[PDB]
Every structure is written in C-alpha cells, then in structure tokens.
C-alpha cells in the first residue's frame, strides 16, 4: 500500500436510541439514506424494516444522539453543503425533513456531543482546512456560524471527548502523519494549535477512551498493520510511543470497550474475513487475531446492546447488511454466525478525499 491510501470504511453508521435500541443508517443504490432499527434493545431482536429518507446525498451519514435522546443525522447534499434531520421525539420514528446548515464540505461529517449537551460537527472544508459548527443551546435547532480551525486534512476527522470534557480532534495531515488539535477548556471555543503525532497512517483514525480516562488512537500504518498510541498523562500533549501489532489488515479498524473495561479491536483481515483482537489484561498485551468465517466487503461497525453484548455490522458480498453478536454478556462468550438484515442493498458513499 501507498502512504496516502485510506483504508475501506464501515458501510453504516450506528447509534443507540434513548432506550438503547440500535439503529443503523446507510446509503442505498438510489443515493438516499435508509435506516432500520431494533424493535427491542437486544441483539436477537427483530428489526423493523428498511425505511427511506427522501433526498439524494453525497457522503456517508453521521449520526449522534442529542442530550435529550433524539437521534440526529448529518450528511453532505448534492450542493456539497451540510444537511441534517432529526427525530422529533426520543424513541419515535417521526423525523424532520433534511434541513440546511450550508457550508462547503469535502469529507464525511463527524459529530461529537459536548459535555454541556451541545452537538458539534467537524468536517474538511473547501480549502482542506478543518471547519466546525455547533449548537448554541443544548439539543436545540439553533446553530453557530461556520468557523475554521485551519490545518490541511487528508483523512476524515475523528473527534472524542477527553475525560475533562475537552473535545480533541484527530486527522491525517498533508505529510500523511496523524495530527491533532484540542479545546483548551471544556466545551468552549478556545483551541490549541495543531500538533503532529508523527507516524504515517493509511486509514482514518479511530479514537476510544480507556477506563483510566486516557484516549487511545488506533489506525492502520504504512505497512498495513494496526498501530496504536495512547495518552500517558492528564493532558493532550503527553503521548506514548506508537506500537504496531502483527497482522495485515485491509480495512479501517473499529474499537470498543467490553463490559470488563478491556479494549477489543475489529478489522477486515488479510484474507478478507473479520478479525478480532482483545487486551488480555488491563492495559495488557494483545491477543493474536482471531478470524470469523465469511468474506466481508467493508470495515466492521461495532456497537453495544443494552445488556452489554457486542454486535458487529458489515457489508456482505451480496451488497447487503449482515451482523453477528456475542451470545452472552461475557468477555469469553461465543459468537453467532452472520445473519442478514435484508431489504435493500448498500453502497459506499464515503467522500473520495483525493
């Protein structure tokens, strides 16, 4: 692989409803967003069926739950502007029409919830800088003007809260290295300068918090293996060295914290099957990759159910959505085999970044 490659992404965005039912959002062959949801918050639940939002879109959709429990979806429109639509009440399948937020977008949108309950959206703009826009009041359809954070992005952005409420954003830069920028005070428009974490990456960055309140960033490296870096202090400036894990991966990774507090990472492996690795003890060593049967055609997207059970979504060779899950709420649980969530076929609507 080349240093500027961006690994294959997940085919859907997932969120938990206010009642923790999972709901997935993807783009079909009509270039519209469709969604489907669990009827009860358990992995063996039946799903409602695929439902369409009217409107042609030109990016992968991003979804986040508002602080009042209402889901809200963000997408690029045919005008290269940002659009959004929302549930009109928590746990209800009544939505707004797409509504405009304007701007000029050249990446998939990334959405974060500040610790004061306000959504904030991060995107690459027309000038390749990082731009953002935010709710001016918690869970309200009142938004700021667009503002630039500068830089030069060559991946989609990934945002996460630090334990103290400061948003930190990660993105590949012009030199193909991972860069980051952060709020210097929680949920405030006061930001640091851009800083490099060095090392080339060949996927979007994936960010998760550990139990200790430290962030941990996962990405594919230049040799096509998983690499990871973590915060070692109580600020955004002190990081470990990078470490790689053996094993060639062929998609973005997806990371989740299991209910014992240990991290697990899922990725498409060198044989185009889903692979999984997990921390064997706290902060500990990583297990050898374990494979699941079945060829897959996207990165995994990973979620947790109301009872803690992990569930994984992928694109199958039939271009439909498949999923599997843990059979029990237990880190050493067995897994189901792939099951189909049928009714539509999906396309990868990710913005082509070069």
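Heads up, when I say rigid core I mean the largest set of C-alphas that superpose within 1.5 Å between the two forms. Numbering follows the first chain given and starts at 1.
RMS Cα deviation from the shown model in 5 other deposited structures of this protein, rigid core fit, is larger for 236-244 than for the other stretch of the pair 128-136 / 236-244.
Per-stretch RMS Cα distance to the displayed form in 5 other deposited structures of this protein, following rigid core alignment, is highest for 36-44 when 36-44 and 22-30 are compared.
Higher mean CA temperature factor, per the PDB entry, when comparing 255-263 with 107-115: 255-263. Comparing 284-292 with 57-65, the stretch with the higher mean C-alpha B-factor in the PDB entry is 284-292. Ranking 120, 168, 72, 212 by the C-alpha B-factor listed in the PDB entry places 212 at the top. When the CA B factors of the chain's modelled residues are split into thirds, the value for residue 273 lands in the middle one. Sort the chain's modelled residues by C-alpha temperature factor and residue 187 lands in the middle third, per the entry. When the CA B factors of the chain's modelled residues are split into thirds, the value for residue 234 lands in the highest one.
In the deposited entry, the Cα temperature factor of residue 205 places it in the lowest third of its chain's modelled residues. Annotation for residue 320: C-alpha temperature factor in the highest third relative to the rest of the modelled chain, per the entry.
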